[PDB]
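This document starts with one chain, in the form deposited in one PDB entry, laid out as structure tokens.
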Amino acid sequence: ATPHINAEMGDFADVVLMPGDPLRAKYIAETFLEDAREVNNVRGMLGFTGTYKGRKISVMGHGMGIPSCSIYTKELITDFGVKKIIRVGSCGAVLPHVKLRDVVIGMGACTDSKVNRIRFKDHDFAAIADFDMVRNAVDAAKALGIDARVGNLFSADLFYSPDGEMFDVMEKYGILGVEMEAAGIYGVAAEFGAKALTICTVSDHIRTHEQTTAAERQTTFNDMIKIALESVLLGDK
């Protein structure tokens, strides 16, 4: 057990799905996993382990922000034998052609955080996902007949940005979505030799904001989870 996870080696599957909200982890466990058991509850960051179509899978929250998710993914990788981490969250869109409920896959993640410069001697470290994992996710999406865009995400340190000028910049350089952790997770994955992937559903449009129905948003969130779960099965083959 670690300071943030009160569990023991074996308690987690070698693959962990991670939403930002801990309550969302219980929701995932309850909806898609069979014979699921709770394996952590320290600081309320609920974690579960069960099976998906006979495949052992875990799901646990990582909180908001790079500093927060950096702690959990690191401990899982170095103390619980986790080989793959899949973040499943939400994001805001800046590009006009990107609509609400769009499923985005971050093959890369930009950031205003300084954590990767600290690791990479003040230089530019391209925070990227594991290729095979992105490929498995894209294929799983196609099988479920779901679009899915693959590109850059932007991991912000400030949800409430002091100067909203970066949004024009993000849009200019093709950023698909704005969230708060992909760059941190990709950084730890590279630092401790593991594999990670971030998938998001567009929950708003920075400028436009727009709106839809709850039943439809909830349907789209489940598609994301199904894509994540099915991508793991393809990876096993």
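Numbering starts at 1 and runs along the sequence shown. So that the term is clear: the rigid core is the largest set of C-alpha atoms that superpose within 1.5 Å between two forms.
The same protein also exists as the form deposited in another entry; that form is not shown, yet it is the one meant from here on.
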| property | result |
| --- | --- |
| Only residue that shifts (Cα, 2 Å or more, rigid core superposed) between the shown form and the other one, among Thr31, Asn41, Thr51, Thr212 | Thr212 |
| Distance direction in the other entry for the C-alpha atoms of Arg24 and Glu210, relative to the displayed form (3 angstroms or more) | closer |
| Cα separation of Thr219 and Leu144 in the other entry versus here, shift of 3 Å or more | farther |
